[PDB]
């Protein structure tokens, strides 16, 4: 199975430095040309840089806005490609993806899952997790519960319900930035025969602050 996995992303100080890594597996990395493509609103997908294979002299090409600041490199012995970013600016914020053009071409055939880079001087802050329970008795009906994840930075946060057992009727909404902090909500809808008889918990994780919170939704 072909795989590309980015790492090294996260919050970075304006003017600071950050090195992104991408480990490849499942295909002949040494024969492929490797690229970094980023994504940001009001720009969509934007090509960033590329490094060719050994046969093509490991030549590097960079988009105008990052030339002189970014350096792409590769370590074929580790099937990895890197992106050293310097003098980071607000404009550099976004999701960075590793993608390769394998030996037989086919454009950008394989893509990684992406790593979010946030260029900001704001500090890392853990979220507060609050249970959202109905204000009245239900009903044979469907009941909607929720989780409010507020006051954290930077993105992302991961929210699951019952450790992943409940996913079908879940809606986790995009986070909203308020006063330098994000607030996000997630709802889950289950049969009135499921809750409150069975335990329904919201599991929130904020990698940046290593926060993990389990909040049980209890009737009010």
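Positions refer to the first chain, counted from 1.
Per the record, residue 139 and residue 140 are separated by 1 to 3 deposited residues that have no coordinates. Judged by mean Cα B factor in the deposited record, 83-91 ranks above the other of 111-119 and 83-91.
Taking the PDB entry as given, 101-109 carries the higher mean Cα B factor of the two stretches 127-135 and 101-109. Among 163, 183, 53, 187, the highest C-alpha B-factor in the deposited entry belongs to 163. The entry lists C-alpha B-factors for 174, 191, 156, 68, and the highest of these is at 68.
Compared with the other modelled residues of the chain, the Cα B-factor recorded for residue 15 ranks in the highest third. When all modelled residues of the chain are sorted by CA temperature factor, residue 21 is found within the middle third.
Compared with the other modelled residues of the chain, the Cα B-factor recorded for residue 210 ranks in the middle third. In the deposited entry, the Cα temperature factor of residue 35 sits in the bottom third of values across the chain's modelled residues.
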